[PDB]
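These notes concern the structure reproduced below.
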Amino acid sequence: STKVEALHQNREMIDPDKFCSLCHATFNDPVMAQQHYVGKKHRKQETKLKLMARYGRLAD
Ligand SMILES: [Zn+2]
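Residue 16 in my numbering sits at position 11 of the sequence shown, and the numbers go up by one each step.
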């Protein structure tokens, strides 16, 4: 995970490190990050976690 640090913008695009708190997933490229945030697995797990948190109010 140390990576071959160079960041040479001559032909390579910007590659920020990113994370998803709904799916517990990490990304290290622009398209990798973007693809996660719009994929079926992100939608499905977002609904699952949202339902778990919303319905979890079993006491008052
Ligand atoms: Zn996600």
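C-beta: ideal position from N, C-alpha, C; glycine also.
Give the DSSP-derived three-state secondary structure of residue i in the structure shown.
i     : result
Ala38 : helix
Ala58 : helix
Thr31 : strand
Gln50 : helix
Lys8  : coil
In terms of residues, what are the limits of the beta strand (DSSP E) holding residue i?
i     : result
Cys25 : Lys23 to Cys25
| Beta carbon nearer than 7 Å to a non-hydrogen atom of ligand 1 | With 7 Å as the limit, the residues whose C-beta approaches a heavy atom of ligand 1 more closely than that are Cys25, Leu27, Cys28, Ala30, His41, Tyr42, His47, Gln50 and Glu51, in chain order.
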